[PDB]
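So the sequences go chain by chain: A, B, C and D.
Take -6 as the starting number for the first sequence in the working numbering and just add one per residue.
Take 3 as the starting number for the second sequence in the working numbering and just add one per residue.
Take 2 as the starting number for the third sequence in the working numbering and just add one per residue.
Take 46 as the starting number for the fourth sequence in the working numbering and just add one per residue.
Where is the CB? At the ideal position from N, CA and C, for every residue including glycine.
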Amino acid sequence: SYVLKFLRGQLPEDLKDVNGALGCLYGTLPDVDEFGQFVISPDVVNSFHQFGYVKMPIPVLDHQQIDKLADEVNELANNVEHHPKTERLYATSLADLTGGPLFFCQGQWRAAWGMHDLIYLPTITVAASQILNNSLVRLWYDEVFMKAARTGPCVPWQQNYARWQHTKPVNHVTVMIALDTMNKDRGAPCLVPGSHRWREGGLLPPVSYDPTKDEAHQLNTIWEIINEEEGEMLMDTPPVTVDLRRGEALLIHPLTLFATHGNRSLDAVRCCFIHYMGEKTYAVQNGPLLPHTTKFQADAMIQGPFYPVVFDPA
Amino acid sequence: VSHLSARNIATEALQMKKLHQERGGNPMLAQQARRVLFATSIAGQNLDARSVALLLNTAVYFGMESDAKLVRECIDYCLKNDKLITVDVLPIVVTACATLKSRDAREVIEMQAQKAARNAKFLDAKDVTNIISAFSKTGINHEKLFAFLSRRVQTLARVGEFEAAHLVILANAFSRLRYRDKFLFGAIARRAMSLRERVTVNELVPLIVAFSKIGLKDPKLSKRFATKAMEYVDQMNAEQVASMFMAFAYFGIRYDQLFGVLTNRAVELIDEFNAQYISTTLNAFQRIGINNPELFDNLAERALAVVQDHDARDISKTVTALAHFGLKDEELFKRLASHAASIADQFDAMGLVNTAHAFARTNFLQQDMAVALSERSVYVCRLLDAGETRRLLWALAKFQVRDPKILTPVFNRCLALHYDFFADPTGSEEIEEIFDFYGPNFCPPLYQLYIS
Amino acid sequence: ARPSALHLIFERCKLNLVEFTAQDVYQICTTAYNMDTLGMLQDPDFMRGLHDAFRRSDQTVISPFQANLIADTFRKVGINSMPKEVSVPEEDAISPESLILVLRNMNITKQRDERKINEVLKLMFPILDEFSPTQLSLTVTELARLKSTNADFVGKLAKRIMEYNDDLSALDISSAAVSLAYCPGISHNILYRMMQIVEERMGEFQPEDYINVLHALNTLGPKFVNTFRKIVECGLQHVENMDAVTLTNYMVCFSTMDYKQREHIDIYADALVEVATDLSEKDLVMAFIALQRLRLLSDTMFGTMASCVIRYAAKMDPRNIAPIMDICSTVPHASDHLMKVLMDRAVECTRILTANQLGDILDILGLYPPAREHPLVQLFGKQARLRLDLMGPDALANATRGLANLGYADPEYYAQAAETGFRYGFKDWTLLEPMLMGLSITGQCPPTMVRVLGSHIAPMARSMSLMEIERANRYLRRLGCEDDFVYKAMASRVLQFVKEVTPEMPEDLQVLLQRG
Amino acid sequence: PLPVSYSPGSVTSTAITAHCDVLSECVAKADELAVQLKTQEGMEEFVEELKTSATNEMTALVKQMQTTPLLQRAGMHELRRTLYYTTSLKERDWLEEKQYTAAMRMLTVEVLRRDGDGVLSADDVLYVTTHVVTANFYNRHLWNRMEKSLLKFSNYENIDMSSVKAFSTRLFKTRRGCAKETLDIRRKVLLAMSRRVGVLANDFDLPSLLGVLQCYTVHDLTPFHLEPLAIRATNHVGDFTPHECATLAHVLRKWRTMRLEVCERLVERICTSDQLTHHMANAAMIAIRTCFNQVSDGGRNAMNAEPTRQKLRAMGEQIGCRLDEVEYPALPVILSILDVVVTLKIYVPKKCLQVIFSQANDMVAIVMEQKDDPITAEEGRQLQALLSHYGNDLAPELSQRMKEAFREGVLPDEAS
RNA sequence: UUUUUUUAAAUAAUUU
RNA sequence: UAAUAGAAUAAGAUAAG
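Right, dumping it as structure tokens:
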């Protein structure tokens, strides 16, 4: 077609169509023979496979990049001048146009710069490939959480794969990145060590969510979904909260029991979840996996513009 | 780059933008400029109005939306300090805010429109064209401002104060706004007359295109343009020949002695035509109505070689033109249907319905194309006319599509526009076909409205 | 190393668990700026938490400059921060002090807002009678800095200030004079009365008062030359012991007013060059320009001032290279060493020079003999080819003329310059000529280019003189123009002066008379 | 059967109908009391009780809309009247900010949901746009969707006359202090129905014809599709009141329809008035000046040009003789009337001149003495020149006053 | 190549 | 406790009412 002279430098309507990654945060991706620098130690992989989660030794982003990424989150929940490309999100907490004390966004990698760049970050993608038995890494989807000051709620105990039942094999990993300093008083993760090998790699029954109640009861709902032996290993190794810095990341298994604390600080707290999947991932039904996405059929290999390949060890 | 002040950043961003838009669209420069602009802030430093305007324009030019920090800072500066945006930097701000569609952008555009309306008597040759082009980028309906700018343009053109570039920019800007002024365009045409040899081939074709698009219905200047361009055909490029065909299809007057020469020149450069040029030539021949199989065979043979280069617009226009003329090219139609099925999500509201109707009119049914466009049809129902909805429904019925998730949007749209749906006589036959397939069971209210 | 108590305090600050007021944030920032033993600026996660506390605090309690200092110390560490804008006082809050505070915050924190300025002026109009004499001068200064266009309100304030002549001191009088001089739209009657006030109390002036009055006189222009007269005589008894910057301002005023009494100008220049070594880069540049504009650059004068400017020539500002290059020319004095280092400095910063500065530098260096055998010609040719898109008609003419005079040969650049100049027509023969000089170096151009060039030339031939006619004919024959209209126009212009084909007429002119 | 969800814009009746009926009756009683006044305290007591009842009704409606899925099950006419009442009760100061925003956010959400399905008819888009932009409620997606949907001119082809008049009146009344960002979209509402107005040109009544013309001209819009609309007015003069003729003259001047033949009828109809005012006199002078500049001394009828100038001058004298009855509100009116009189060499009796110059004296005296309260220096110079030209014996006080005003410097400059 | 420009305008009607 | 300024510069096709 003819792109007008003042529209030649524009970008696609949704950043899904942007093949590759823009150079905004860390420039361009390294060369094919330059991907060996971001490899992680085998002890980190062993710790992930033993505990069900692991904290990467080094922060993944510089402070200026974290500031820019937090500005993207701050502008993704404007509620006055709503974000451009808001329709390019799988879900939003502001669909009601009011929001609340908790802001959650999904599929923001198609809406803002930096967030689209964060998907192709080598530091986390190489580690995800190593976790996934050195295979192709494909984005599953994104998620952004923002809890307000003095009133932010807490997300109770949950299993990630319990929301991904339409994907056949368990071949997933979660990377959670703290865009702000976190603690037990503001959005720190609370994971159960060794909880990904409890029900023979199965899924625990969903927890009962009763809002408008204190955080202690919300975090104490664990004793209602476990059985006697799981009670014993919970007695032996109680849930542990991980303190995260301004850029530190955390790898989480899909089957690991996981919750987030509430926000009692004087400022909002932000975090970003990115879900990755391997090459050998299939669907179970006929239809789309996400709202307004490419539809697959039967046991169809999950691929397309909505699930880009972010790393290839070949 | 850290040692460079923001006044130098604006200059280098403008340099990068100028190199990008004109001297080839190198992605290297685009991504370097995007990376440089992504880490810039107008905070704590005193800056000129021109520097802020340049930063805003170069940021917005490189795909930066209204949620950016630099864009927000530049937009805020303009609002707080408005009088600092003189007529020299008004077009920059208007061009930057044209694509930005937000409350602050709307307010800024309105304030600059009023400023340009007040100061329309004091502009010179550069300012009038720059302002009118910048306001032609944005979609505005301030007729009074356009009339004042046209009066100033006529006053300046009486003393002969416009070059060929100024003339083409003015004509394009005024034809984009659909501002039909017989005297303004007569003055522009007479200024081209007076300029004479200073208007080259590269600067004459866009003038003819802009004069054809506005539609003045004046046969006195169309003949003159044909005569003036008849000597420049041998120098014309393929992209210029296609634009010439399109412009003189827009005019609507038949010039056989010119169309023959244009056809010969197009045949000479058949190896240089892309998909866009083929689609433009076919659409121009469809509009003007001449049926020339000899050029059509060459155009179809060329289009069979550049199938992978075809865009959704090109596919729609080429298929519609080939269907109108009753030309049978089974291989080309199969390849185009497969390609359209490949890029079904790029179709806009008009293109999807045009492609579906053109494929359904000819006895050509392909499940790869049919399923893809039927599924895509859901997202464009809300942007269609009553006649377009009727055409889309007939094409969907010819595909034998019965999925309720597809049929409910189109039936809702045709029910909301039922008066215009049933008031078009030329589609009456199509109506008695649509209800012949679906029957009274599907959407009873539409059937009852059809009976009445 | 942070001990347990310090570590826990730092953690509480990092987690936004401590409610900080603006005063406490200011104290912490002052401590960090004064003593770096704890490494506060070396912890990004601590300074970011302090900034987050700063945003969510009540900043109205602290002075505007305290908020500006917090913002500056956050910017220095790498955090993008800006103090909040103050709201316009409402209902009972309108008092003179509260309204002056809004302008002061707009000044110090660089958050200028025309709408709030207008609202403050409308609120301050009714209560203008409650202002103390000092607050009126503060308002005049604040409005002068903000580049306000409401000259009527500033005139009212000036009248009220001048009603209190006895109360005001010399410093206040000088500040009011310079602030009024900076405002563009002040009625000349108020300026005349203020200058009359300044004329008296002349001996009470201090060096800062002299500098302020000289700045005001420089801004005002020659119409106040009489007042400047009362300056010069008043400065005649103190010239032998005076500040260097004051003498530079004196020379600038002498250049601006076009002073006629040469004895005082010579006295001031001779006193200036004694202490010219104490001047900064900008002051030295302005003094060097002023001495040139007054025809006072003798051999000793130029040598002494060039010896001083060579010191700053090593790291000269890009805005200062072109002026001293201009002063180096148009004088019959040796300046080889100055021009060498100036050309080297221009080479160093070739990638940051704007289009106008590059064109100017090339224009001055066009006719310089030692500039041809330099890398600068080639580097500037590439830079000009890059920057042709950002060049106006004047920059185009300057750059093309400078490159053509230097012997720079590049057909593509000259063709691109001609095409760029075809986009906006050449108003003058001086603008059009450099394109012809550049294109005549290669001796060939497309027929369309020479055809458009002739179309441009033919109208212009009705005013050019005989020398310009000969030069245009030379360029036209070099480019190979076959159009008859242009040659007919040039021959018609020639006939006006000659009226006949003189036998002695240069052989080149007879060919023109045949209208080839 | 297909699960279509298209309900008529103007059956499927929910409790929203009853709530809107209660609100309608309350507003009707309040407006009836408002008419009845023309016991203020007892009146305002009943107004307060009705306001409390309406606030309770709206609170119940908002709670029902929040808790239950009522909007999806509701019709569409009920949604339109709910939007109307939510926007209207805010201008009447019967609702708070929080409740108004809560009620409008869900209305916009439901409107966007119905837009996604495509059931938004060609009339409901115009209705929602007019009742959202005039209330100055900003939603980015809603505004962008409406603006993009207002460019499909083929949809807005068979709009009813009542809808056109109601939307035009709604846009016209709230024009005075509308926000700038709301202007452009307002114009896109007017141009969407411009052809319906043009084909409805021979159907409007005379009072509403001028209303449409003023609504279009006040939004700096003079579309060609409304060209017959003006022409009929030019061919229907004499049925207008004398005051309306001034606005008709201004409109016809802005539509490039103002010729010599209509000027005579317009000025005669102006002079048929019982007593002139500043508006009729100013419009008449502007029309006379405009028709005075349309004569060419070297055209086809160059020999006929001077008689036309004499006719224009005499009919200007007709107005000029009646220049003492009017009351000038501001100096620019005087400086325009006197400029027209001097430029066209119109003769004015000394009595009218004395009254005119007496009126301006009080104004300049107010400006000079009060000094607290915008006569610029150039306007004062023009007034001084006018007084000197006509003679200083007319107003000897004004000459000294204005000369002292220049000496003191009270009058500001045009630059400031 | 000779068309035209310069107000503070505020009077529609409705259950949306 | 905190206040100093410089530059003058033009790109150009949306399947319409």
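Alpha-carbon to alpha-carbon, residue j and residue i
{"i": "D/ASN189", "j": "B/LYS103", "result": "8 Å"}
{"i": "C/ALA6", "j": "A/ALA142", "result": "26 Å"}
{"i": "D/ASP66", "j": "D/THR59", "result": "12 Å"}
{"i": "B/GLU67", "j": "B/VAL73", "result": "8 Å"}
{"i": "B/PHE124", "j": "B/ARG153", "result": "12 Å"}
{"i": "C/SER175", "j": "C/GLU205", "result": "11 Å"}
{"i": "A/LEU125", "j": "A/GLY271", "result": "6 Å"}
{"i": "C/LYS489", "j": "B/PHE150", "result": "41 Å"}
{"i": "C/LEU467", "j": "B/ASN174", "result": "43 Å"}
{"i": "C/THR301", "j": "C/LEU181", "result": "40 Å"}
Three-way DSSP call (helix, strand, coil) for residue i in this model
{"i": "D/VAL67", "result": "helix"}
{"i": "D/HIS264", "result": "coil"}
{"i": "B/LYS19", "result": "helix"}
{"i": "D/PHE91", "result": "helix"}
{"i": "C/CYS309", "result": "helix"}
{"i": "B/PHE213", "result": "helix"}
{"i": "D/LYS390", "result": "coil"}
Delimiting residues of the alpha helix (DSSP H) encompassing residue i
{"i": "B/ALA244", "result": "240 to 253"}
Chain-order list of residues whose beta-carbon lies under 7 Å from that of residue i (same chain, five-residue window excluded)
{"i": "D/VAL156", "result": "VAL173 and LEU187"}
{"i": "residue 335 of chain A", "result": "As shown, chain A starts at -6 and ends at 307. That puts residue 335 of chain A outside it, with no answer to give."}
{"i": "D/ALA246", "result": "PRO273, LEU274 and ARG277"}
{"i": "D/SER318", "result": "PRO287 and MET325"}
Start-to-end residues for the beta strand (DSSP E) that takes in residue i
{"i": "C/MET83", "result": "No beta strand (DSSP E) holds C/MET83; DSSP gives it neither H nor E."}
{"i": "A/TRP133", "result": "130 to 140"}
{"i": "B/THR357", "result": "Run containing B/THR357: none in the beta strand (DSSP E); it sits in the alpha helix (DSSP H), 351 to 363."}
8 Å Cβ cut-off: residues of chain C touching residue i
{"i": "B/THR202", "result": "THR449 and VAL453"}
9 Å Cβ cut-off: residues of chain D touching residue i
{"i": "A/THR79", "result": "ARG185 and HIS186"}
{"i": "C/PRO376", "result": "Near C/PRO376 there are no residues of chain D at all, since even the closest Cβ is about 51 Å away, more than 9 Å."}
Chain-ordered chain D contacts of residue i [CB-CB under 8 Å]
{"i": "C/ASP153", "result": "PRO457, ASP458 and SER461"}
{"i": "B/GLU112", "result": "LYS225, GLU226, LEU228 and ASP229"}
Cβ shell of residue i (< 6 Å), same chain only, five flanking positions each side left out
{"i": "C/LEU454", "result": "none"}
{"i": "B/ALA277", "result": "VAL308, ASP311, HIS312 and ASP316"}
{"i": "D/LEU152", "result": "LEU128"}
Residue i: contacting residues in chain C (beta-carbon distance under 9 Å)
{"i": "D/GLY454", "result": "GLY156, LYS160, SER188, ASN190 and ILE191"}
Beta-carbon contacts of residue i that lie in its chain and below 8 Å, excluding the five residues immediately before and after
{"i": "D/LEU228", "result": "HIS264"}
Within chain A, partners of residue i - CB distance below 7 Å
{"i": "C/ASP53", "result": "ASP260"}
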